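Structure first, then comments.
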Amino acid sequence: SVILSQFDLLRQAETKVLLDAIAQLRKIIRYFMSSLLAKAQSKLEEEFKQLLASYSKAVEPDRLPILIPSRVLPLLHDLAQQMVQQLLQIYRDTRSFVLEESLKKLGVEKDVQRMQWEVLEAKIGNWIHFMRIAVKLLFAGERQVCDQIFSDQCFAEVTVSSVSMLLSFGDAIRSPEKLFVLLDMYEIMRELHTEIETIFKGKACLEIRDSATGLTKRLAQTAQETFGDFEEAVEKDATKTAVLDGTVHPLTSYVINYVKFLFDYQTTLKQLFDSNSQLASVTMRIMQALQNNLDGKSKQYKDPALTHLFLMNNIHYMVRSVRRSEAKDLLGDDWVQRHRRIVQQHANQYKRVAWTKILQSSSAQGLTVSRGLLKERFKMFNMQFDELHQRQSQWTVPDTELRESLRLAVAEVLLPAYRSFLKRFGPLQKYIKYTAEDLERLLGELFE
């Protein structure tokens with residue numbers, strides 16, 4: 001009879017249609033070839049829609065974050081396999097929304113980055129942690145999508161918005177001080193690149209990978225531009241004085257501190273692209289900029305003794321600070337030696353301009369026994385030393401060893417001439433102010 005079985009099988013199909021039943025209907029259609037189907041398939045696609053939308057919830061900041069139960073995954077896979085862009089359409093619409101909404105729960109890169117630094121730094125670190133978390137949940141999204149399918153296009157379609165947010169925060173970050181956190185961002189983009197390449201796969205997705213790498217390149221290039229900005233900024237610097245003084249300039253401390261921070265990012269900056277060559281070049285050029293500005297603002301003093309004392313202090317501070325770190329780097333030893341020599345030179349020129357006149361006054365060149373002119377020279381000398389001592393007691397060379405060294409220097413160039421001066425005249429009283437030990441006792445007091 002055959003036909004009765006077929007009609008009864010159609011009846012059973014109708015009895016169920018309200019998976020194998022579809023196959024049965026197909027067999028019946030094939031047998032007859034030798035309306036219920038459409039309904040079953042449409043309700044199947046709407047069933048996939050229903051199941052997908054009923055388990056799409058927002059991941060909460062708190063809790064392998066398990067987005068969907070382990071039970072419904074094979075179900076969704078089966079249903080999807082039964083289907084034939086529509087699946088991608090629904091998945092995109094619902095789940096991408098749910099994903100961006102998921103990122104808005106932790107932070108979200110929701111031109112107007114023009115804010116205060118004090119909150120910008122903390123919000124960038126925030127963005128770092130947000131980057132790590134977001135990638136390490138996008139991993140879960142990817143695993144689920146590639147589990148329910150046996151796919152890249154779907155993942156891409158779902159993630160484009162969220163990753164666009166994340167990446168949108170990073171642009172554009174041009175001014176110094178922002179360089180360190182800029183290279184923090186560089187570090188976090190470098191750290192997760194591999195995981196991004198593993199997660200987003202391709203090829204209909206690669207544009208997110210290259211968007212990420214692209215923003216990384218722009219970030220790094222912007223960092224280099226901040227290098228240029230800082231050296232240029234230290235170069236053309238200005239203002240001002242404080243207690244006048246010949247002591248170390250806060251700018252010098254600021255620059256050596258800046259390079260002291262650039263050396264904390266040595267492993268990162270090595271990835272400059274070479275290696276420590278260019279790092280050394282940047283260090284040497286910001287150093288050169290510092291000293292160039294220093295001599296630029298050293299000619300804004302008087303007497304020249306103060307200028308050379310100041311330059312002595314700052315370049316010595318520079319040399320020492322460099323001798324505390326690297327130094328070992330491609331800055332060299334000839335750099336440290338040359339600059340040490342320059343320091344010694346500033347010291348020498350200070351001693352010359354400061355004490356030449358009083359030293360020639362401490363000699364016999366101008367006499368004429370006499371006693372009268374001898375007394376006149378005694379008074380003259382006393383005035384000279386008093387003025388020099390009261391102008392240079394209020395000065396300050398910070399390095400104790402250096403100041404004691406140069407103290408011993410000026411003492412060693414003054415004491416002999418004065419002692420020889422006393423070993424010829426006198427009492428020839430009390431016109432003989434200061435003895436040897438006395439004159440020595442207020443020499444170890446200047447620069448305090």
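Chain labels follow the order of the structure tokens: the first chain is A, the next B, and so on; residue numbering restarts at 1 in every chain, and ligands are counted from 1 in their shown order.
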List as JSON lines every residue of range 195-297 of chain A that is in contact with range 134-156 of chain A, defined as an atom at most 9 Å from one of its atoms (using only C-alpha atoms), together with the nearest atom pair and the distance in Å rounded to one decimal, sorted by chain and then rising number.
```
{"residue": "A:195", "atom": "CA", "partner": "A:135", "partner_atom": "CA", "distance": 7.9}
{"residue": "A:196", "atom": "CA", "partner": "A:135", "partner_atom": "CA", "distance": 7.3}
{"residue": "A:198", "atom": "CA", "partner": "A:139", "partner_atom": "CA", "distance": 8.9}
{"residue": "A:199", "atom": "CA", "partner": "A:139", "partner_atom": "CA", "distance": 6.0}
{"residue": "A:200", "atom": "CA", "partner": "A:156", "partner_atom": "CA", "distance": 7.2}
{"residue": "A:201", "atom": "CA", "partner": "A:152", "partner_atom": "CA", "distance": 6.9}
{"residue": "A:202", "atom": "CA", "partner": "A:152", "partner_atom": "CA", "distance": 6.0}
{"residue": "A:203", "atom": "CA", "partner": "A:152", "partner_atom": "CA", "distance": 7.3}
{"residue": "A:204", "atom": "CA", "partner": "A:153", "partner_atom": "CA", "distance": 5.6}
{"residue": "A:205", "atom": "CA", "partner": "A:156", "partner_atom": "CA", "distance": 5.1}
{"residue": "A:206", "atom": "CA", "partner": "A:156", "partner_atom": "CA", "distance": 8.7}
{"residue": "A:208", "atom": "CA", "partner": "A:156", "partner_atom": "CA", "distance": 8.0}
```
So which residues touch range 395-400 of chain A within 6 Å, counting only C-alpha atoms, skipping near sequence neighbours fewer than 6 positions away, as an NGL selection string?
:A and (245-247 or 447-448)
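CA of residue 25 in chain A sits 7.0 Å away from CA of residue 13 in chain A.
Checking A:12, A:72, A:425, A:382 one by one against residue 370 in chain A, counting only C-alpha atoms, you find the shortest gap at A:425.
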Which neighbours of residue 426 in chain A fall inside 12 Å, counting only C-alpha atoms, when residues of the same chain fewer than 2 positions from it are skipped, and could you give them as a list in words?
residues 369, 370, 371, 374, 375, 378, 418, 419, 420, 421, 422, 423, 424, 428, 429, 430, 431, 432, 433 and 435 of chain A
Quote the spacing between CA of residue 79 in chain A and CA of residue 9 in chain A in Å to one decimal place.
23.3 Å
Using 7 Å as the limit and counting only C-alpha atoms, can you tabulate each residue of range 370-394 of chain A that touches range 441-446 of chain A, with its shortest atom-to-atom distance in Å and the two atoms involved, as CSV?
```
residue,atom,partner,partner_atom,distance
A:389,CA,A:446,CA,6.6
A:392,CA,A:446,CA,5.8
A:393,CA,A:446,CA,4.0
```
